[PDB]
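S.K.: Below are the structure tokens for one structure; questions will follow.
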Amino acid sequence: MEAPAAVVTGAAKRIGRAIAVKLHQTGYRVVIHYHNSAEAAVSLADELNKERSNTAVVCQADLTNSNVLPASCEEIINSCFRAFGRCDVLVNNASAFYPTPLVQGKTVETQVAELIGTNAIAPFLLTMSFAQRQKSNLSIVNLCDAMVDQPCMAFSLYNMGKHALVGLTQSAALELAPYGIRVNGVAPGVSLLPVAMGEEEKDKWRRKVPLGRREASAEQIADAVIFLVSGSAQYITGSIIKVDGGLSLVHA
Amino acid sequence: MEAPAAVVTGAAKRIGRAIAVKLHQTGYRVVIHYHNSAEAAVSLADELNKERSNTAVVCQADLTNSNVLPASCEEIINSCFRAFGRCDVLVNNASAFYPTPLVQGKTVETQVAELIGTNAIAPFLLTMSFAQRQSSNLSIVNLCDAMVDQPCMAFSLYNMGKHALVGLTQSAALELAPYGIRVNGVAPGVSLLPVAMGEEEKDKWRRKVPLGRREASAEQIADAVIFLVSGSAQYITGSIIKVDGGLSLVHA
Amino acid sequence: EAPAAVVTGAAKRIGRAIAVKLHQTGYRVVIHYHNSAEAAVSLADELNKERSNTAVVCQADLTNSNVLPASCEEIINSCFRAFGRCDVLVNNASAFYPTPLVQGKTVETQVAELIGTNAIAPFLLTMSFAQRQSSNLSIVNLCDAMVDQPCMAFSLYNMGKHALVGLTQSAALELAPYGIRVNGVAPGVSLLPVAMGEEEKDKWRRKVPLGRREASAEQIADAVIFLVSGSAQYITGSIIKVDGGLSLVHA
Amino acid sequence: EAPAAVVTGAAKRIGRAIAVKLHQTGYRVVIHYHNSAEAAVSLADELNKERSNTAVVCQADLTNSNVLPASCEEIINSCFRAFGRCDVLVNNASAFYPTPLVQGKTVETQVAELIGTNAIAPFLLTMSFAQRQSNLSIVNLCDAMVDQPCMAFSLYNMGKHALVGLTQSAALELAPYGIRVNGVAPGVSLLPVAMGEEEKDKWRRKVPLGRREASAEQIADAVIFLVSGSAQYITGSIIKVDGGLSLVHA
Ligand SMILES: NC(=O)c1ccc[n+]([C@@H]2O[C@H](COP(=O)([O-])OP(=O)(O)OC[C@H]3O[C@@H](n4cnc5c(N)ncnc54)[C@H](OP(=O)(O)O)[C@@H]3O)[C@@H](O)[C@H]2O)c1
Ligand SMILES: NC(=O)c1ccc[n+]([C@@H]2O[C@H](COP(=O)([O-])OP(=O)(O)OC[C@H]3O[C@@H](n4cnc5c(N)ncnc54)[C@H](OP(=O)(O)O)[C@@H]3O)[C@@H](O)[C@H]2O)c1
Ligand SMILES: NC(=O)c1ccc[n+]([C@@H]2O[C@H](COP(=O)([O-])OP(=O)(O)OC[C@H]3O[C@@H](n4cnc5c(N)ncnc54)[C@H](OP(=O)(O)O)[C@@H]3O)[C@@H](O)[C@H]2O)c1
Ligand SMILES: NC(=O)c1ccc[n+]([C@@H]2O[C@H](COP(=O)([O-])OP(=O)(O)OC[C@H]3O[C@@H](n4cnc5c(N)ncnc54)[C@H](OP(=O)(O)O)[C@@H]3O)[C@@H](O)[C@H]2O)c1
Ligand SMILES: Nc1nc2ccc(C(=O)NCc3ccc(Cl)c(Cl)c3)cc2s1
Ligand SMILES: Nc1nc2ccc(C(=O)NCc3ccc(Cl)c(Cl)c3)cc2s1
Ligand SMILES: Nc1nc2ccc(C(=O)NCc3ccc(Cl)c(Cl)c3)cc2s1
Ligand SMILES: Nc1nc2ccc(C(=O)NCc3ccc(Cl)c(Cl)c3)cc2s1
């Protein structure tokens, strides 16, 4: 029907939820993708459907790289067409994030599949599927990282995956421009800190941020996604907007 | 009375005009700075005042580097406070743009004063005067250039000024973040081309743009300015948003 | 006495010029190869005629798989076996071909080759090299000066070269404590793909500001030699373009 | 004969180590200086004692003004007068001090010194160099920290950003004349004379590769590479020589 539709990956919680909520408030129908967070995904879709019925569905998939990842990414895009008859927007938000020291219970090949698959390869396959299933304001927004050039110690694979995501953003903006598909990124600095992190460590990171000495709210991240998908960004493609309160400008 | 106020330099025509219009449509009172274009600046102020009385004034100043530039820039900022009692937004838009070949009727020192004054020095002095004078959403937007790393041939002084403006955007974002003043840029690729440029040459440039094979409208550039000054960008500082249709991604 | 270097993809073209120039500088070299056995041995024979027992070959497929970590460990081990030390790693081997987003290897094979060979193998080699460690230890990654203005329909290739920039910076930071420097060399057009038409080749040569020609392989190798030398002992996390200005040229 | 190089601000510290190392490589040198007349003439004496007639000094103020173009023309002229050629220009001279946005020198003077020395004088020297024209090249001393700048150094940071633009624009424009243009970007090298030793140590401790500043010689080594025949295909490149400092997050 006549409301546009969006896919948001890793949308059960945290930033991906804030993006799906804000898209839904702007008038989109949404596919809430999730991996393990089944209860949180269904609860969000229920909340959205209560606000406007038949406007949210969930879709489960592991985005770890394997020989079936192309099928799973094809299926995520397929689920948006099955529910809503169209797919206007793809938000690549799902991400694995953990250290992989170079000088050192997962195997290294599992670490590569997870950190490179979720951060880079699944975005590429979803982009291919999104583009191939096209028949309006079509675009993709990749969630990138403002600190990719000043990386955390011992996170090489995660950093490699986020750099690859910058290259995807640029390559796909170039190649999909003739189809009228825009491809942009939003690059948080510190936003919602990891659930595992102690308050004392959270505050150490907060104190580094020039603009307010605090992390970004999930909603502040979502605001920049909403801008890039909007008609106010219709000439914008291949741009990555930092939303980092100045953190990347701060020297050691 | 409770409306915020903005200074836009070089606002009589083209991009600066569209930025002043869009700020006014959003509810800002505006200072329309101009250098030579008196009749166009006053025409715009009159059109805006017809929409809402006493919401637009003009301010004449040459932004060429000289001994008097600091006083001129102080006076532009002062004009905003005298008209409207506050100054919430500064837009550094005014720009000289012409070739300065390295190998061979203005002298080179005049080219330096104009190209480095308008593009860099005047922004710095206006940023100083804006900050010295300071519900609040204070910010500065500098009009940058998406092609600064792939410059037009024989434009070294222009390119130097626009790189210096990147540095200003970054340095002032860091330094003004404790005052709650955000500093950002918008970087066009090809937007409004010269009226007197032959269509055949205009088309050579338009054909290079992946997204639509056309230049950006002034309004499309103004849209990204409006985003950055808005409450939707309240964690964004030190960022430069390209608005270039993918132009900067295209190899030779 | 003499230091030792591993050069991946060293049988031909750029990696060959790198191995030769390292050898000429006094390194012992491990010439890695995948399919190019005859050429790898040919170069080792040429080097060993110059100084005996200074060049060995090492076969390995650098495609991503469950066995890549073991293959990468073996490349590094081969250097230690032959020469008792490994001072320099040059990650030069690379797959290069288009992978259009909008439509034969399967996609997941193109991922294994383009991301495995250009990024994951460099990462695992870097891990094996650091694990096995006065001296001047460093790693040099063969990057691409055109990574921000990529060729149309080369997304996987571009992703892998961007990942290789991130590896260069992450490993430079993490290995600095061990005195291991990590840097890159980023060619523009050098030796054009054998596949490529002559007409397409001249089209590209014409774009290059500095002399309207491609880099020779030895011009690339010159920047590698600089980065491994004692004249670069404070340089880590740097990527030196060697592109004749190509990446400065607008559309 | 031997090639000739101009090194601006060559009396002391990094510019001095660059002049020494070019001279050791074979070059005749113009040692440009502003205030450091004793140190300039003393280096030139040292170099000439090694090889007679291979070093001269040239005094000039690189502050921006309507006579800066004549002064930069004079610097290039002095190389031609002494040596009959000018193969290499090193833009090393630089003013460096804070210019806070929120409040001895007027702001017009701070702009003229920080933008003139770091950017305008390089541009004018590049113009004069190119206009008077084997292995010709220019090397600009940039700054590895330009995107993670010191607090309250906007004018300095603006100048160094402009110098990056100059390096790119001049590389593009001079390539058809066979002139290469590149940069060397130190992180922390010889720390300011004015700085206390506790602040010097805070900076040293930030550097991943060795927890120490670059020697002036290590900066000069990269300059030597870029002017050498081993960098003949290199133009528009800026080499960081920063021990990883620019990689370290806040
Ligand atoms: N939070 C920050 O400060 C910050 C900073 C920089 C960049 N970012 C970027 O912003 C985005 C969102 O940040 P965030 O903190 O909201 O992310 P997050 O909570 O770390 O992860 C978001 C979701 O990713 C999904 N995910 C993880 N591994 C997966 C797999 N193998 N298959 C499928 N899905 C998987 C998970 O879904 P389930 O829970 O359903 O398993 C998870 O809820 C990410 O791209 C991130 O890298 C965030
Ligand atoms: N148009 C494009 O494609 C494009 C591309 C990249 C970047 N940009 C940037 O976007 C901004 C707006 O572009 P535009 O094409 O609208 O600019 P423009 O028409 O070239 O110039 C804007 C105004 O700048 C003012 N200006 C010029 N020299 C001045 C001086 N010495 N003192 C004071 N004001 C002076 C002039 O005002 P008066 O007319 O009143 O004298 C002029 O109308 C500029 O910063 C530009 O560099 C534009
Ligand atoms: N040529 C250029 O203009 C250019 C431009 C930009 C960047 N570069 C970078 O420069 C480096 C060298 O360039 P080049 O033109 O010399 O490279 P190339 O000829 O395309 O490839 C070099 C060698 O890489 C090895 N290789 C490819 N796939 C492999 C796999 N799955 N397993 C193991 N080895 C494999 C091959 O070795 P075998 O032959 O033994 O099978 C090949 O001979 C590359 O990293 C490249 O991306 C080159
Ligand atoms: N040292 C570092 O850590 C570091 C870090 C990043 C970048 N850099 C860059 O590397 C280069 C060399 O560094 P450095 O520490 O050796 O420089 P420095 O000691 O601060 O300055 C070099 C020389 O510049 C000259 N100079 C200053 N103002 C001048 C003017 N108005 N006219 C003419 N000359 C003037 C002075 O010459 P006289 O003494 O003859 O007056 C001075 O000796 C500079 O471009 C610098 O910005 C250095
Ligand atoms: N998928 C995700 N990507 C990222 C990227 C960055 C951050 C973030 O919070 N970074 C600050 C941070 C800094 C250091 C450490 Cl050790 C940790 Cl665990 C977290 C958190 C996340 S969650
Ligand atoms: N103050 C101004 N700054 C700029 C910056 C860039 C452009 C612009 O037109 N860029 C594309 C372009 C189009 C045509 C020609 Cl001939 C050239 Cl040199 C450049 C136009 C302007 S007007
Ligand atoms: N392993 C390798 N990596 C690279 C990277 C770039 C090039 C190169 O020649 N690029 C220019 C170019 C690349 C692709 C095409 Cl289709 C055309 Cl026509 C021209 C060649 C190679 S070989
Ligand atoms: N002409 C010159 N340019 C530069 C650029 C940077 C440095 C340097 O010392 N940077 C480190 C540093 C710079 C400024 C301060 Cl306030 C402190 Cl504490 C530490 C020193 C110089 S001297």
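Each chain in the structure tokens gets a letter, A, B, ..., in the order shown, and its residues are numbered from 1; ligands are numbered from 1 in order too.
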Using DSSP assignments from the backbone, pull out every residue in stretch 113-199 of chain B that falls under helix (DSSP H, G or I) and give it to me as a ChimeraX atom specification.

M.R.: /B:113-132,156-179,199

S.K.: Counting only C-alpha atoms and all ligand atoms, what are the residues, protein, DNA or RNA alike, that approach ligand 5 to within 6 Å? I want them as an MDAnalysis selection string.

M.R.: chainID A and resid 95:97 152 190 193:194

S.K.: Kindly export the residues of the current selection with N, CA, C and O atoms, as an mmCIF file, in the first residue's frame.

M.R.:
data_model
loop_
_atom_site.group_PDB
_atom_site.id
_atom_site.type_symbol
_atom_site.label_atom_id
_atom_site.label_comp_id
_atom_site.auth_asym_id
_atom_site.auth_seq_id
_atom_site.Cartn_x
_atom_site.Cartn_y
_atom_site.Cartn_z
ATOM 1 N N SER A 95 25.210 -5.351 14.441
ATOM 2 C CA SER A 95 26.655 -5.344 14.489
ATOM 3 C C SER A 95 27.143 -6.216 15.619
ATOM 4 O O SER A 95 26.591 -6.144 16.749
ATOM 5 N N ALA A 96 28.206 -6.999 15.348
ATOM 6 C CA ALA A 96 28.947 -7.687 16.435
ATOM 7 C C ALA A 96 30.112 -6.807 16.843
ATOM 8 O O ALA A 96 30.708 -6.147 15.968
ATOM 9 N N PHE A 97 30.448 -6.786 18.146
ATOM 10 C CA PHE A 97 31.481 -5.862 18.632
ATOM 11 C C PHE A 97 32.186 -6.491 19.821
ATOM 12 O O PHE A 97 31.551 -6.660 20.877
ATOM 13 N N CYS A 152 39.886 1.501 19.140
ATOM 14 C CA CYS A 152 40.153 0.931 20.452
ATOM 15 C C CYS A 152 41.217 -0.157 20.271
ATOM 16 O O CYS A 152 41.227 -0.891 19.277
ATOM 17 N N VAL A 190 30.519 7.749 20.905
ATOM 18 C CA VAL A 190 29.879 6.952 21.946
ATOM 19 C C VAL A 190 28.414 7.306 22.038
ATOM 20 O O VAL A 190 28.051 8.472 22.167
ATOM 21 N N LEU A 193 26.239 2.969 25.749
ATOM 22 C CA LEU A 193 27.368 2.197 26.111
ATOM 23 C C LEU A 193 26.953 0.708 26.311
ATOM 24 O O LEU A 193 25.781 0.401 26.573
ATOM 25 N N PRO A 194 27.927 -0.214 26.179
ATOM 26 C CA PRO A 194 27.577 -1.648 26.311
ATOM 27 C C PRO A 194 26.936 -1.933 27.683
ATOM 28 O O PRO A 194 27.367 -1.365 28.715
#

S.K.: Please determine the contact residues of chain D with respect to chain C at a cut-off of 7 Å, counting only C-alpha atoms, and supply them as a ChimeraX atom specification.

M.R.: /D:168,171-172,175-176,178,208-209,214,218,221,230,233-237,239-244,247

S.K.: Using the selection just defined, write its residues with N, CA, C and O atoms as a short mmCIF file (atom, residue, chain, number, x, y, z; two decimals), in the first residue's frame.

M.R.:
data_model
loop_
_atom_site.label_atom_id
_atom_site.label_comp_id
_atom_site.auth_asym_id
_atom_site.auth_seq_id
_atom_site.Cartn_x
_atom_site.Cartn_y
_atom_site.Cartn_z
N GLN D 168 48.30 19.58 -2.43
CA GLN D 168 47.49 18.90 -3.46
C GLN D 168 47.33 19.70 -4.73
O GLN D 168 47.48 19.16 -5.82
N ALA D 171 50.70 20.04 -6.49
CA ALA D 171 51.07 18.72 -7.12
C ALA D 171 50.33 18.57 -8.46
O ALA D 171 50.91 18.21 -9.47
N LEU D 172 49.01 18.80 -8.46
CA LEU D 172 48.24 18.70 -9.70
C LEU D 172 48.76 19.63 -10.82
O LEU D 172 48.96 19.23 -11.98
N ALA D 175 52.69 19.10 -11.99
CA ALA D 175 53.02 17.79 -12.61
C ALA D 175 53.40 17.88 -14.12
O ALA D 175 54.40 17.28 -14.53
N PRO D 176 52.67 18.66 -14.93
CA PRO D 176 53.18 18.76 -16.32
C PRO D 176 54.56 19.42 -16.50
O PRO D 176 55.14 19.26 -17.56
N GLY D 178 57.09 18.57 -14.39
CA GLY D 178 58.01 17.63 -13.80
C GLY D 178 58.41 18.03 -12.41
O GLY D 178 59.44 17.54 -11.89
N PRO D 208 52.60 5.85 20.79
CA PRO D 208 52.66 4.38 20.89
C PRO D 208 54.07 3.83 20.58
O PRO D 208 54.51 2.89 21.25
N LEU D 209 54.73 4.35 19.55
CA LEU D 209 56.01 3.76 19.12
C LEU D 209 57.14 4.40 19.92
O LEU D 209 57.71 5.39 19.48
N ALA D 214 59.74 12.33 17.92
CA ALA D 214 60.70 12.18 16.83
C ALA D 214 61.93 13.07 17.04
O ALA D 214 61.82 14.22 17.48
N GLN D 218 64.95 12.15 12.23
CA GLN D 218 63.95 11.19 11.70
C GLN D 218 62.94 11.93 10.79
O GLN D 218 62.51 11.41 9.73
N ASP D 221 64.81 12.49 7.49
CA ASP D 221 64.91 11.23 6.68
C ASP D 221 63.74 11.16 5.69
O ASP D 221 63.91 10.71 4.55
N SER D 230 64.14 7.79 -5.49
CA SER D 230 63.25 6.67 -5.15
C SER D 230 61.77 7.08 -4.93
O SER D 230 60.91 6.22 -4.61
N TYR D 233 57.71 8.80 -8.75
CA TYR D 233 56.32 8.71 -9.10
C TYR D 233 55.40 9.24 -7.97
O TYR D 233 54.19 9.10 -8.06
N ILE D 234 55.98 9.79 -6.91
CA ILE D 234 55.21 10.22 -5.76
C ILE D 234 54.93 11.75 -5.89
O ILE D 234 55.89 12.56 -5.91
N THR D 235 53.64 12.11 -6.01
CA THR D 235 53.27 13.56 -5.91
C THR D 235 51.91 13.68 -5.26
O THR D 235 51.05 12.82 -5.46
N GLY D 236 51.76 14.70 -4.42
CA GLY D 236 50.48 14.97 -3.73
C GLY D 236 50.35 14.09 -2.50
O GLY D 236 49.26 13.95 -1.99
N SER D 237 51.42 13.44 -2.07
CA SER D 237 51.39 12.55 -0.86
C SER D 237 51.93 13.25 0.37
O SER D 237 52.93 13.97 0.28
N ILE D 239 53.40 12.21 4.07
CA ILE D 239 53.88 11.10 4.87
C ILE D 239 53.84 11.51 6.32
O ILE D 239 54.62 12.41 6.68
N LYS D 240 53.03 10.82 7.15
CA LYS D 240 53.07 11.04 8.61
C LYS D 240 54.31 10.42 9.19
O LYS D 240 54.67 9.30 8.80
N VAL D 241 54.94 11.13 10.12
CA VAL D 241 56.15 10.62 10.77
C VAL D 241 55.85 10.90 12.25
O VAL D 241 56.39 11.88 12.82
N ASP D 242 54.94 10.10 12.84
CA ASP D 242 54.33 10.49 14.13
C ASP D 242 54.30 9.37 15.20
O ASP D 242 53.72 9.57 16.27
N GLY D 243 54.97 8.24 14.92
CA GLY D 243 55.05 7.14 15.94
C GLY D 243 53.68 6.61 16.31
O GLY D 243 53.53 6.02 17.36
N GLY D 244 52.68 6.82 15.42
CA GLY D 244 51.33 6.33 15.68
C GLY D 244 50.46 7.30 16.48
O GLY D 244 49.31 6.95 16.79
N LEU D 247 46.86 8.04 15.74
CA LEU D 247 45.95 6.87 15.81
C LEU D 247 45.30 6.72 17.17
O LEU D 247 44.40 5.88 17.30
#

S.K.: If the limit is 7 Å from any atom of ligand 4, counting only C-alpha atoms and all ligand atoms, which residues qualify? Return them as a compact mmCIF listing (two decimals) with N, CA and C atoms, in the first residue's frame.

M.R.:
# COMPACT_ATOMS: atom_id res chain seq x y z
N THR D 8 63.42 26.74 4.21
CA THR D 8 63.02 27.90 5.03
C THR D 8 63.12 27.58 6.53
N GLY D 9 63.41 28.62 7.32
CA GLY D 9 63.54 28.46 8.81
C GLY D 9 64.57 27.35 9.13
N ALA D 10 65.72 27.42 8.46
CA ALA D 10 66.76 26.33 8.57
C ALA D 10 67.87 26.51 9.62
N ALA D 11 67.81 27.57 10.43
CA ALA D 11 68.87 27.86 11.41
C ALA D 11 68.85 26.90 12.54
N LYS D 12 67.66 26.40 12.90
CA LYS D 12 67.56 25.62 14.14
C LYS D 12 66.65 24.40 13.97
N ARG D 13 66.71 23.48 14.93
CA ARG D 13 65.73 22.39 15.07
C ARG D 13 65.51 21.59 13.77
N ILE D 14 64.26 21.47 13.31
CA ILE D 14 64.01 20.51 12.22
C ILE D 14 64.56 21.02 10.87
N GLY D 15 64.43 22.33 10.64
CA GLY D 15 64.84 22.90 9.34
C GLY D 15 66.38 22.74 9.21
N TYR D 33 66.53 32.24 7.17
CA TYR D 33 66.32 32.46 8.60
C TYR D 33 65.59 33.79 8.78
N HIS D 34 65.01 34.03 9.95
CA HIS D 34 64.31 35.31 10.17
C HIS D 34 65.07 36.08 11.23
N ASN D 35 65.01 35.57 12.46
CA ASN D 35 65.70 36.15 13.59
C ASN D 35 67.02 35.45 13.90
N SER D 36 67.20 34.19 13.49
CA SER D 36 68.31 33.42 14.06
C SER D 36 69.57 33.56 13.25
N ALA D 37 70.10 34.79 13.24
CA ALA D 37 71.24 35.13 12.40
C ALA D 37 72.54 34.42 12.84
N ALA D 60 64.77 36.60 5.79
CA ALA D 60 63.47 37.14 5.33
C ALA D 60 62.39 36.92 6.32
N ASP D 61 61.47 37.88 6.41
CA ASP D 61 60.30 37.77 7.27
C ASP D 61 59.19 37.15 6.41
N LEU D 62 58.61 36.05 6.88
CA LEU D 62 57.55 35.31 6.13
C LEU D 62 56.09 35.62 6.60
N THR D 63 55.98 36.64 7.43
CA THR D 63 54.69 37.20 7.82
C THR D 63 53.99 37.71 6.55
N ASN D 92 59.56 24.80 5.54
CA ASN D 92 59.69 24.35 6.90
C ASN D 92 59.35 25.47 7.89
N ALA D 93 59.64 26.75 7.58
CA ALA D 93 59.42 27.85 8.55
C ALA D 93 57.94 27.90 9.00
N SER D 94 57.75 28.21 10.29
CA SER D 94 56.39 28.17 10.84
C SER D 94 56.32 28.93 12.18
N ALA D 95 55.26 29.75 12.33
CA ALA D 95 54.85 30.33 13.60
C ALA D 95 53.88 29.40 14.29
N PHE D 96 53.93 29.33 15.63
CA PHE D 96 53.08 28.38 16.34
C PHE D 96 52.81 28.97 17.70
N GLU D 113 51.02 36.39 10.76
CA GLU D 113 52.15 35.49 11.13
C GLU D 113 51.82 34.02 10.95
N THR D 117 53.15 32.52 7.48
CA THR D 117 54.31 31.59 7.53
C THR D 117 53.90 30.18 7.14
N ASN D 118 52.72 29.71 7.60
CA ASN D 118 52.34 28.30 7.39
C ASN D 118 51.72 28.06 6.05
N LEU D 141 56.29 21.01 5.22
CA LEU D 141 56.18 20.45 6.57
C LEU D 141 54.78 20.73 7.07
N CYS D 142 54.04 19.65 7.25
CA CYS D 142 52.63 19.68 7.54
C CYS D 142 52.52 19.34 9.00
N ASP D 143 51.37 18.77 9.44
CA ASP D 143 51.21 18.45 10.86
C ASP D 143 50.29 17.24 10.93
N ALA D 144 50.78 16.14 11.53
CA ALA D 144 49.98 14.87 11.63
C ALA D 144 48.67 15.04 12.46
N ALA D 185 54.58 15.10 7.65
CA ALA D 185 53.70 15.56 8.74
C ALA D 185 54.20 14.97 10.08
N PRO D 186 54.95 15.75 10.88
CA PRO D 186 55.41 15.25 12.19
C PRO D 186 54.22 15.21 13.16
N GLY D 187 54.31 14.36 14.21
CA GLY D 187 53.33 14.43 15.26
C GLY D 187 53.96 15.29 16.33
N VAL D 188 54.62 14.65 17.28
CA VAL D 188 55.45 15.35 18.25
C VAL D 188 56.92 15.07 17.91
N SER D 189 57.68 16.13 17.60
CA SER D 189 59.10 16.06 17.34
C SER D 189 59.70 16.98 18.41
N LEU D 190 60.74 17.73 18.07
CA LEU D 190 61.38 18.64 19.05
C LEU D 190 60.34 19.58 19.62
N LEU D 191 60.13 19.39 20.93
CA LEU D 191 59.08 20.11 21.64
C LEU D 191 59.49 21.59 21.86
N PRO D 192 58.52 22.50 22.00
CA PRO D 192 58.92 23.94 22.05
C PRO D 192 59.90 24.23 23.21

S.K.: At a cut-off of 8 Å, using only C-alpha atoms, what residues contact residue D:72? Leave out same-chain residues fewer than 5 positions from it and give the result as a ChimeraX atom specification.

M.R.: /D:62,121,124-125,128

S.K.: Fewer than 4 positions away in the same chain doesn't count, so skip those; otherwise give me all residues within 7 Å of stretch 75-78 of chain A, counting only C-alpha atoms, as an MDAnalysis selection string.

M.R.: chainID A and resid 59 71 82 129:130

S.K.: If you keep N, CA and C atoms, can you produce a file of those selected residues as a short mmCIF file (atom, residue, chain, number, x, y, z; two decimals), in the first residue's frame?

M.R.:
data_model
loop_
_atom_site.label_atom_id
_atom_site.label_comp_id
_atom_site.auth_asym_id
_atom_site.auth_seq_id
_atom_site.Cartn_x
_atom_site.Cartn_y
_atom_site.Cartn_z
N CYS A 59 11.49 -10.24 11.70
CA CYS A 59 12.14 -11.22 10.84
C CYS A 59 13.49 -11.68 11.48
N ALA A 71 21.32 -16.21 1.10
CA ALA A 71 19.92 -16.57 1.25
C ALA A 71 19.21 -15.85 2.38
N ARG A 82 6.83 -9.13 1.29
CA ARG A 82 5.67 -10.01 1.61
C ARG A 82 4.71 -9.28 2.54
N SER A 129 20.43 -7.41 -2.53
CA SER A 129 19.02 -7.87 -2.56
C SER A 129 18.04 -6.71 -2.64
N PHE A 130 18.30 -5.65 -1.84
CA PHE A 130 17.47 -4.43 -1.86
C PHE A 130 17.40 -3.88 -3.26
#

S.K.: Would you write out, as a Markdown table, a table of all residues in chain D that have an atom no more than 7 Å from an atom of chain A, listing for each the closest atom pair and the distance in Å to one decimal, considering only C-alpha atoms and ordering rows by chain and rising residue number?

M.R.:
| residue | atom | partner | partner_atom | distance |
| --- | --- | --- | --- | --- |
| D:147 | CA | A:249 | CA | 6.2 |
| D:148 | CA | A:249 | CA | 4.5 |
| D:149 | CA | A:251 | CA | 6.7 |
| D:206 | CA | A:252 | CA | 6.3 |
| D:247 | CA | A:150 | CA | 4.6 |
| D:248 | CA | A:150 | CA | 5.4 |
| D:249 | CA | A:150 | CA | 4.9 |
| D:250 | CA | A:252 | CA | 4.5 |

S.K.: Mind listing as number ranges by chain which residues of chain B are within 8 Å of chain A, counting only C-alpha atoms?

M.R.: B: 170, 173-174, 177-178, 180, 182, 210-212, 216, 220, 223-224, 227, 232-246, 249-250
